[PDB]
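Written below as structure tokens is the structure these notes are about.
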Amino acid sequence: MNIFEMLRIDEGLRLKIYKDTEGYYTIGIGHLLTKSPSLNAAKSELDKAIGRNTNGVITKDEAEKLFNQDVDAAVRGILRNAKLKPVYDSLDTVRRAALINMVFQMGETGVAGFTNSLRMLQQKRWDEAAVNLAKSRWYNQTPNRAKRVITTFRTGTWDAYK
Ligand SMILES: [Cl-]
Ligand SMILES: [Cl-]
């Protein structure tokens with residue numbers, strides 16, 4: 001298992017513009033287009049991202065290209081973030097994938113906000129960190145996905161994804 005595979009299971013793949021869990025226009029493998037409630041604004045962001053008149057449909061390849069860019073961005077963002085990098089540096093490979101997934105979903109800023117859980121993860125207090133992460137809107141809104149990432153941090157294994 002690896003990050004790409006993990007996120008692919010979490011986000012799925014849609015080739016047409018769709019609304020995510022929060023009702024925002026998205027395409028591909030969880031690529032957010034815009035938070036504006038206008039479909040036109042979305043189509044325009046879409047063609048701007050792909051570089052062609054898409055009419056709101058992209059191919060698989062185009063989806064995977066946005067995904068590759070998005071994973072790269074996530075990692076980079078983490079490494080650039082003063083709160084995040086030290087956490088990432090401290091972790092094992094599997095747990096690093098769990099942090100990336102969170103960053104992919106919520107952005108670097110939202111993650112950086114889980115101060116207390118970050119701290120627990122850095123100290124390697126697994127069971128505690130897992131309880132604290134569960135007290136969040138994140139877990140309450142997308143509980144199955146959150147359980148999966150949480151279990152990953154708790155165990156340092158991919159079992160949640162098996
Ligand atoms: Cl983009
Ligand atoms: Cl969920």
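FYI, the numbering just counts along the sequence from 1. Below, all heavy atoms of this structure are taken into account, side chains as well, without hydrogens, waters or symmetry copies.
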* Please lay out, stage by stage, how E62 and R52 fare under the test salt bridge (charged side-chain N to carboxylate O under 4.0 Å, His left out). => CA-CA 11 Å; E62 271 155 359; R52 91 197 166 49; 2.7 Å; yes

* **Verdict with reasoning, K35 to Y25, per side-chain contact (heavy atoms from CB on, under 4.5 Å)** => CA-CA 7 Å; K35 294 202 194 160; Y25 290 125; over 6 Å; no

* To do: Test side-chain contact (heavy atoms from CB on, under 4.5 Å) on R95 and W126 and set out the steps.
  => CA-CA 11 Å; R95 296 189 175 81; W126 313 127; 3.3 Å; yes

* Asked: What's the verdict on side-chain contact (heavy atoms from CB on, under 4.5 Å) for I78 and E108, showing C-alpha distance, side-chain angles and the deciding distance?
  -> CA-CA 7 Å; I78 283 171; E108 154 205 341; over 6 Å; no

* Given side-chain contact (heavy atoms from CB on, under 4.5 Å), test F67 with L7 step by step and report yes or no. => CA-CA 9 Å; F67 184 42; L7 277 158; 3.7 Å; yes

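Here the closest heavy-atom approach between residue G56 and residue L46 is recorded as CA-CD2, 3.7 Å. Minimum interatomic distance between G30 and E11 (heavy atoms only, all atoms of both residues): CA-OE1, 3.6 Å. The minimum heavy-atom distance between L91 and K124, with the atom names listed, is CA-NZ, 4.2 Å. In terms of heavy-atom proximity, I17 sits nearest to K43 at CD1-CG, 4.0 Å. Across every non-hydrogen atom of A97 and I3, the tightest pair is O-CD1, 3.3 Å. Closest of all the heavy-atom pairs between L118 and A112 is CD1-O, 3.7 Å.
Distance alone, capped at 3.5 Å, places no donor-acceptor pair between the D20 side chain and the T26 backbone. At distances below 3.5 Å, not a single donor-acceptor pair connects side-chain atoms of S44 with backbone N or O atoms of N40.
Salt-bridge check for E45 with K48: passed, with a basic side-chain N closer than 4.0 Å to an acidic carboxylate O. Ion pairing between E128 and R119 fails under the 4.0 Å rule for side-chain N and carboxylate O. Comment: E22 engages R137 in a salt bridge, judged by a side-chain N to carboxylate O separation of less than 4.0 angstrom.
Rounded to the nearest 0.5 Å, atoms CD (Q105) and CH2 (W138) are 7.0 Å apart. Atom-to-atom distance recorded for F153:CZ and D92:CG is 10.0 Å, nearest 0.5 angstrom. The structure places NZ of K83 at 8.0 Å from OG1 of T109, a figure rounded to the nearest 0.5 Å. Between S136 atom OG and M102 atom CE the span is 7.0 Å, to the nearest 0.5 Å. Expressed to the nearest 0.5 Å, how far CH2 of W158 lies from OG1 of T151 amounts to 13.0 Å. Note that the CD1 atom of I150 and the CG atom of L133 stand 5.0 Å from one another [nearest 0.5 Å].
Counting heavy atoms from C-beta on, the side chains of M106 and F114 come closer than 4.5 Å. Side-chain contact check for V75 versus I100: some heavy-atom pair is nearer than 4.5 Å. Side-chain contact between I27 and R14 is absent, with no heavy atoms from C-beta onward closer than 4.5 Å. For the pair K60/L13, a side-chain contact is recorded, criterion being any heavy-atom separation below 4.5 Å from C-beta on.
Atom CG of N55 has 12 or fewer neighbouring heavy atoms from other residues, nucleotides or ligands inside a 6.0 Å radius.
For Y18, there are no side-chain hydrogen bond (donor to acceptor under 3.5 Å, both in side chains) partners two or more places apart in sequence or in a different chain. In this structure, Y24 has no ring pair (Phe, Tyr, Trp, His ring centres under 6.0 Å) partners at least two apart in sequence or on a different chain.
Note: the hydrophobic cluster containing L66 does not contain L32 (ILVMFWY, side chain heavy atoms under 4.5 Å, direct or indirect links). Taken together through direct or relayed side-chain contacts under 4.5 Å among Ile, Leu, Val, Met, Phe, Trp and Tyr, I9 and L99 form part of one hydrophobic cluster. Under the 4.5 Å side-chain heavy-atom criterion for ILVMFWY residues, a single connected hydrophobic cluster contains both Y139 and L121.
Between the side chains of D159 and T157, at least one donor N or O lies within less than 3.5 Å of an accepting N or O.
Applying the 4.5 Å side-chain rule to ILVMFWY residues, one finds that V57 remains a lone member of its cluster.
Among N101, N144, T142, the one residue that satisfies the side-chain hydrogen bond (donor to acceptor under 3.5 Å, both in side chains) test with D10 is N101.
Cation-pi contact between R96 and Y88: present, with separation from the ring centre below 6.0 Å and deviation from the ring axis of at most 45°.
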